Every structure is written in structure tokens, then in C-alpha cells.
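Asker: I am attaching a structure below and will ask some questions about it afterwards.
Chains as they are written, first to last, in the UniProt record's numbering: chain A, 1400 to 1438; chain B, 17 to 112, 115 to 230; chain C, 17 to 112, 115 to 230; chain D, 17 to 112, 115 to 230; chain E, 1352 to 1399.
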């Protein structure tokens, strides 16, 4: 689970190794907001 | 209110605060205890009792809370009638009763010392053991050398010669003998005139008269 | 919560709860008082516990928080063994200790009464002080005028002419003498038929001088 | 929380926690009941905080809301000094004011058992009631069968036989006899040699009329 | 230790009021910058 104020969110091999992450995995943006709640 | 529910707090206060436990000394806690009811799990407690033996399990709508007992908090057993306090380390059954909870009648008897003798109004409650009949001098007693507290007809029953000096909490101690049968208290001057003084009293009379 | 941590509340919970407190009376509080245990700072205590000497320094997370005691604040002093209820002006000791804990075993029993003389089975434990003998009547005793509850052969030890009516409570003290020795309390009757009746009988079983 | 202020929670916590509260048994409560303090409402209680007779009237923010008493929480009666734990139906009265108390100041002495008998160094002061005297066996007594801790001249009077074995707390209790009069307890081996062992003795010192 | 006492301040914002986090929501700021002074107990005008 990565929520980043910064736009860029580079992934790492270690997370993929520890659990299971697909190489072309679909990503759905959830707009969590620091100011409020997910939007 | 969402982050911390009122219920979370309410349950927490009820469980942590000293409570009279309803523990029946069974291996397993009763299947349906009352809500907000503390049941301490006895050692070698089988069945349920999520709380470890020696820890209190409190039913909360069927949720037995595994609460480590608070230090210095009394956990009187309803079934035993014993006051088992938790010292933060081990269960200790404190001073106790068997359907006869002791009540120490604090009787404050204030009698102006007048004439030669006065009778204090602190009648012993029926069937009450008297630990000590302390006597204080509220106001300096003119004439009287000393207090002569006792049961009427005897100025020597306890504290035969006490102090009539001002502000003196002399103790007429019944001590080993305690008069369970109801009796009044009499105060007399010691070979002197009682008038001009005020007497205060601290009768302590424990009574095993209350069902528990 | 975040603003007020659950831990802040928990620390408060220990402080709010009556606590066994160690009145070592050291001018300076010990370097490592037990966590969740209040070491009471003596009045006039120097150095640590400087705030409010005469307050209880409770160690939570290695930090000793001096709790200002309020009216009727009960803290059981471990070193003295007395439970001291601080009146508010100052500490006030309870009337009693040495690690002696008064163990209680519940013996309330319904003795069905058949015939004028019936035998109660509540034998006292050896070396158990009895503050008083507890007497109740559960079912109507038919033809009964008096209850000679007492040691067999000597019913006089407890009242020998107690009321003998349905529901009658004859709760009482066996004099000032406390019977450590094991004894039955046979429910004899003074020419009173006890048949058809039930007696609720307990005898304030106390085991004094018993380690925690 | 915004919904419940930290202070709103604090008031609730203080009220729920067992509080010693004064029962003056008046129809109407005292004009100013302090915040976080309550006056017990007797049955038949009326007026402000008269909601529910048998409840407790507590003033917070100028409103004397009557808290519902919680069973197992000891709403001890400050006014009569009588401990009262709510039974859920009645103000059940527990063990018990007077501005003076039978305070406990146990004297701890650790005489090495020597020769055949050693009088305990923990002398009882005048007017000090002895609930009991401890006989901790600090060291194994060589050749000593029992700790005969007794009133001087009478080892057998109380605690005549307490096994003198290492690691055993031989508390002996003076129960029928409360010795307010000063006594130097005499500890003797039971027809035995005390030497080679250590006795830890705390003699209950109870002084009536002790100030707050 | 060393007399290096650390004073911790939880910022309070006037515009919001004395907000208490609720519904798992952190207290908002919006008060810009506030500097919290420490008054020395021994001296009315703080030496430091």
C-alpha cells in the first residue's frame, strides 16, 4: 500500500519478492487526501 | 467519538475499577454472566476464562475481557463474601463476612459535662463488638480532674480515669472485652464537678449484622 | 486517542484506582519504584517527589507522577499494612497488617430443621477466628419459640433463645470471644419443635494471620 | 473528540470510578457539592440531585446530576465513615469516621532466635491493640519445633504452636484478646533450642483516636 | 539530564478552535506559524 503526496511512486523488487506483485499489474488510483479523507 | 467510543471508555472504567466479583470459584466462568460483571478465573481454571487464571474475566455482553487486575483494587468475591484485593502481584483475601458484614458504628457522642455526671447517648448497637470507646474533651472541663467513661452504673468499665483536660483524646479502650449487648455510655467527673466542660466521643462498634 | 493517548488514560486509570502504596518514607524516592505502583512520598520528602510532598509518586514509564490525594482517597500502605484513607487534610489510617490476610470460606448453609434439636454442619476451620455466628431462618419453623444455636452441649455460646419464626434473622456475635477452635453450632431448641422449618446458618469464618 | 471533549470524558471517568461520598441522609443536598464529589442520596431523597432515591448527587458545571450507582463500586460513606458498596438494590454497608481512627503502625523487628527463647523486640506501646504478631522464619531454626509467640508470661496464650520452619511466615493472631495494654511479646521455641534461626516479627500496633 | 529540559507543545489553531481529533481525523492547522514561549519558573523575564 503506497499513498504518496509526491506524484512519482517507484516500486521495488523487494516488495515483489516478499509478497506477490504482477509485472503489468493494474493500478487503480485512490485519491486519499492529507487534508481530508480519500476523495 | 468514532476513534474512541463512549462504550470503550465505559467498559474500561467498569472493568478496571474495583468491582465486587461474582466469581464462584469454578474452573469455568458461567455461560451467561451479567453484563459488566467481573468473574476472576481461579487457578487451574478450565473451560472458558480467556483471562489467565489469576486474572479477572469480565463479561461484556458475552465478551470476557482478559483484564489484568489493577494494583490495590478490591475484588470482593460475591460467593465467598471475602474481600480479595489484588496487590499487583498476588491475590490476598483482606479482613472480613459470612452474611454478617461488620459495620463499625461510628458513634460520635457529644455530651456537655454537667453537674456531677452525664450519660452519653452512644448506645451500643445490639450485638455489636466494641473495638474502642475513645473520648475527647471538646472543651476544657472545669472542676473535673479526669473523665470517668464507662457503662451507666460503672465509671470504671473502660478508661476509668481519663482526661478532662481540653482537647484530650483519651481512649477508654474496651480492649479484649467487647460488649456486644446494647449498652449506653456514662461519663462522670473524677472526684469532682463535671460542669463547665464538653465531652466528645469516638465509639467504634463493629457489628456483624448485615447479610452479604 | 492521539490527542489524549489511551496510555494517558491508562496511567490515569492506575492513579484513579486505589493503589497499594509503599510508605517507605524515604526522603528521596527510590530509583526504580515498581511500575503502575505508587510509592508515596512522605510529607517533607526531598529531591524527587518534590511536588506535593505527602502525595503519591506513581511510576509510569519510569516517570513518577505525584498524585494529589482527594477526600477519602484510599491507598493501602504496603509497609505498614494498613489501608490508609487520606481524609483530604492528611492521611487517615484504617482500623485493623503484617501480611496477615483474613481468609474467608463461605459456610452459609440451609439446615433443614427436623425435630427440636438439629445439628448444624458448619464446623469452624482450625485456627479460624469467628467474629460472630450468623443466624437466619429460611422456612417457617413450626411450633418453634426459641433457637438454641451454639456449640453442641453448650448452646449458650451463641444466643440460646433466638427468635424462632419464619424468616427471622438472629444474626449475632458470639460474645467478645472469637472461637479459633473448630466447632459445630448445633441448632437446639428450648422446647420448640423445629420440624417443617429451614435455618440459614453461617459463622463468620475468618482466618487471621494468614500470609497473602 | 469533537463529539466528546476530553473534559467531558474526564468528568465521566471520575464519576464512574468508585468515590468515597458523604451520605448525610438529608432530604436536600449540601448547597455546594464540589465538582467530582457527590452527596449520597438516601431513599426518599429529594430536591436537586433528587433524581433516583438511593443514588448519588454530584454537581458538575452547576448541575447536580445524580449518577446511577454502579454495583461493585464502593461508594463509601464519608459522613458516617461507613464503607458502603452498592449492592445494585441497596447501599450495602461494608466494614467501617470520628475524626480519629484506630491507626496501624506495625513495629518490625528481626531478632535472631537464640538460646532457647528470645523476647521479641517489637514491644507493643500502651494503648496499642494487637490484631496479630508475625513470626517470619528468616533462617532455619536449629532444633526449634515451633515459634511460641505469646503475650509475656504466656507463650501459649496466642500462636502457641506455629511451626518454626525456614521460609514460613508464622503469623499468630491475638483475636479473642486485643491487648491494648503494652506487651512485649515473648517468642520461645517449643521446649526447644532457638539458636541458629532468625525470627522476623511485626506486632500489630493499633492506636485508637489517632489523628488524621 | 544535563539540564537540557525539553518542552513539548501541541499546536492549537485559533481558526479551528480547540479541535480534538475525531473520526480518526487529524487536527487541522491553518494557523500559519506560532512560536510558543517558555517562561522560566524562577524568573519572570526568562533568562533564556
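Where a beta carbon is used, it is the ideal one built from N, C-alpha and C, also for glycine.
#1: Report the neighbours of residue 22 of chain B on chain E: residues whose CB is nearer than 9 Å to its CB, in chain order.
#2: Give a yes or no on whether the minimum CB-CB distance between residue 90 of chain D and chain B is below 8 Å.
#3: Can you name the residues of chain B whose CB is closer than 7 Å to the CB of residue 177 of chain D?
#4: Taking the DSSP output, what are the residues bridged to residue 226 of chain B?
#5: Where does the unbroken beta strand (DSSP E) through residue 1415 of chain A begin, and where does it stop?
#6: DSSP puts residue 188 of chain B in a beta bridge; with which residues?
#7: What is the residue span of the alpha helix (DSSP H) that residue 22 of chain D lies within?
#8: Please list, in chain order, the chain E residues whose beta carbon lies closer than 9 Å to that of residue 17 of chain D.
#9: Return the chain-ordered list of same chain residues with a C-beta closer than 6 Å to the C-beta of residue 68 of chain D, the five sequence neighbours on each side being excluded.
#10: Just to confirm, are residue 34 of chain D and residue 33 of chain B a CB contact at a threshold of 8 Å?
#11: With a threshold of 16 other CB atoms inside 10 Å of the CB of residue 197 of chain D, please say whether the residue is buried or exposed.
#12: Listing by chain order, which chain C residues have their CB less than 9 Å from the CB of residue 1378 of chain E?
#13: If we ignore side chains and look at the alpha-carbon of each, how far apart do residue 18 of chain D and residue 52 of chain D end up?
#14: Since residue 118 of chain B and residue 226 of chain B are thought to touch, with beta carbons under 8 Å apart, how far apart are those beta carbons, to the nearest angstrom?
#15: Round the Cβ separation of residue 129 of chain B and residue 217 of chain B to the nearest angstrom and send it over; I've been treating them as touching at under 8 Å.
#16: Just confirm the distance between the C-beta atoms of residue 111 of chain B and residue 112 of chain C, as a whole number of angstroms; I'd bet it's less than 8 Å.
#17: Does any C-beta atom of chain D lie closer than 8 Å to the C-beta of residue 128 of chain B?
#18: Assuming contact is defined by CB atoms lying nearer than 8 Å, are residue 138 of chain C and residue 215 of chain C in contact in what I supplied?
#19: I want to know whether the segment 183-198 of chain D touches the segment 181-200 of chain B - three or more CB-CB distances under 8 Å.
#20: Is there contact between the segment 76-90 of chain C and the segment 200-214 of chain D, where contact requires at least three CB pairs shorter than 8 Å?
#21: Quick one, are the C-beta atoms of residue 220 of chain C and residue 131 of chain C less than 8 Å apart?
#22: To the nearest angstrom, how far is it from the Cα of residue 171 of chain B to the Cα of residue 76 of chain C?
#23: Taking the beta strand (DSSP E) that residue 1420 of chain A belongs to, which residues open and close that run?
#24: When you compare the CB positions of residue 169 of chain D and residue 124 of chain D, do they come within less than 8 Å of one another, or not?
#25: Which residues in chain C sit within 7 Å of residue 204 of chain D, going by Cβ to Cβ distance?
#26: For the beta strand (DSSP E) containing residue 113 of chain B, name the first residue and the last one.
#27: To which residues does DSSP link residue 214 of chain C through a beta bridge?
#28: Closer than 7 Å by beta-carbon distance: list the chain D residues that pair up with residue 87 of chain C, in chain order.
#29: Can you have a look at residue 1360 of chain E and say buried or exposed, based on whether 16 or more other CB atoms are within 10 angstroms of its CB?
#30: Using a threshold of 8 Å, state whether the C-beta atoms of residue 164 of chain D and residue 182 of chain D are closer than that.
#31: Who does residue 74 of chain C pair with in a DSSP beta bridge?
#32: Could you please tell me which residues of the segment 183-213 of chain C, in chain order, have their CB closer than 8 Å to any CB of chain B?
Answerer: Short version:
#1: Numbered from its first residue, the second chain carries residue 22 of chain B at position 6. What residue 22 of chain B touches in chain E: nothing, since even the nearest Cβ is about 12 Å away.
#2: Here residue 90 of chain D corresponds to residue number 74 of the fourth chain, with the count starting at 1. Judged by the 8 Å Cβ criterion, residue 90 of chain D is in contact with chain B.
#3: Your numbering for residue 177 of chain D matches position 159 in the fourth chain. Per Cβ cutoff of 7 Å: no residues; residue 177 of chain D is ~16 Å from chain B at best.
#4: Residue 226 of chain B sits at position 208 when you count from the first residue of the second chain. Bridge partners of residue 226 of chain B: B:120.
#5: Taking the first chain and counting its residues from 1, one reaches residue 1415 of chain A at position 16. No beta strand (DSSP E) contains residue 1415 of chain A, which is instead part of the alpha helix (DSSP H) from 1412-1417.
#6: For the purposes of this step, residue 188 of chain B is taken as residue 170 along the second chain, with counting starting at 1. Partner(s): B:153.
#7: In the fourth chain, counting from the first residue as 1, residue 22 of chain D sits at position 6. Here the alpha helix (DSSP H) through residue 22 of chain D covers 22-32.
#8: By one-based count along the fourth chain, residue 17 of chain D stands at place 1. Those within 9 Å of residue 17 of chain D in chain E are 1371, 1372, 1373, 1374.
#9: For the purposes of this step, residue 68 of chain D is identified with residue 52 of the fourth chain, where counting begins at 1. Taken in chain order, the residues that qualify are 82.
#10: The residue you call residue 34 of chain D lines up with position 18 of the fourth chain. The residue you call residue 33 of chain B lines up with position 17 of the second chain. For residue 34 of chain D and residue 33 of chain B, yes; Cβs fall inside 8 Å.
#11: Numbered from 1 along the fourth chain, position 179 holds the residue referred to as residue 197 of chain D. So residue 197 of chain D ends up on the buried side.
#12: Residue mapping note: residue 1378 of chain E aligns to position 27 of the fifth chain, counting from 1. Result: 18, 19.
#13: Taking the first residue of the fourth chain as 1, we reach residue 18 of chain D at position 2. Taking the first residue of the fourth chain as 1, we reach residue 52 of chain D at position 36. If I take the Cα positions, the gap works out to 22 Å.
#14: Start at 1 with the first residue of the second chain, and residue 118 of chain B comes out as number 100. Start at 1 with the first residue of the second chain, and residue 226 of chain B comes out as number 208. At roughly 3 Å, the Cβ-Cβ gap stays under 8 Å, so residue 118 of chain B and residue 226 of chain B are in contact.
#15: In the second chain, counting from the first residue as 1, residue 129 of chain B sits at position 111. In the second chain, counting from the first residue as 1, residue 217 of chain B sits at position 199. That pair is a contact at about 5 Å.
#16: Residue numbering aside, residue 111 of chain B sits at position 95 when the second chain is read from its first letter. Residue numbering aside, residue 112 of chain C sits at position 96 when the third chain is read from its first letter. 7 Å between Cβ atoms; contact.
#17: Here residue 128 of chain B is taken as the residue at index 110 of the second chain, counted from 1. No, because no Cβ of chain D sits closer than 8 Å to the Cβ of residue 128 of chain B.
#18: In the third chain, counting from the first residue as 1, residue 138 of chain C sits at position 120. In the third chain, counting from the first residue as 1, residue 215 of chain C sits at position 197. Not in contact: residue 138 of chain C and residue 215 of chain C (Cβ atoms no closer than 8 Å).
#19: yes
#20: no
#21: Counting from one through the third chain, the residue named residue 220 of chain C turns up at place 202. Counting from one through the third chain, the residue named residue 131 of chain C turns up at place 113. No, these two residues do not count as a Cβ contact at 8 Å.
#22: The residue labelled residue 171 of chain B in the question sits at position 153 within the second chain. The residue labelled residue 76 of chain C in the question sits at position 60 within the third chain. Rounded to whole angstroms, residue 171 of chain B to residue 76 of chain C spans 59 Å at the Cα level.
#23: Walking along the first chain from the start, residue 1420 of chain A turns up at place 21. Counting along the chain, residue 1420 of chain A falls outside any beta strand (DSSP E), and DSSP gives it neither H nor E.
#24: To locate residue 169 of chain D, count along the fourth chain from 1; it is residue 151. To locate residue 124 of chain D, count along the fourth chain from 1; it is residue 106. No, these two residues do not count as a Cβ contact at 8 Å.
#25: One-based indexing of the fourth chain puts residue 204 of chain D at position 186. Within 7 Å Cβ-Cβ: nothing; residue 204 of chain D doesn't reach chain C, min ~17 Å.
#26: No atoms are given for residue 113 of chain B, which sits in the stretch of chain B between 112 and 115 that the model skips.
#27: Position 196 of the third chain holds residue 214 of chain C. None; residue 214 of chain C has no bridge partner.
#28: Translated into positions along the third chain, residue 87 of chain C becomes position 71. Residues of chain D passing the Cβ test: 36, 53, 94.
#29: Taking the fifth chain and counting its residues from 1, one reaches residue 1360 of chain E at position 9. The residue is exposed, with fewer than 16 neighbouring Cβ atoms inside 10 Å.
#30: Taking the fourth chain and counting its residues from 1, the one referred to as residue 164 of chain D is at position 146. Taking the fourth chain and counting its residues from 1, the one referred to as residue 182 of chain D is at position 164. Yes, the Cβ-Cβ distance between residue 164 of chain D and residue 182 of chain D is below 8 Å.
#31: In the third chain, residue 74 of chain C corresponds to position 58, counting from 1. Looking at the DSSP assignment, residue 74 of chain C forms a beta bridge with C:54, C:81.
#32: 187, 189, 190, 191, 193, 194
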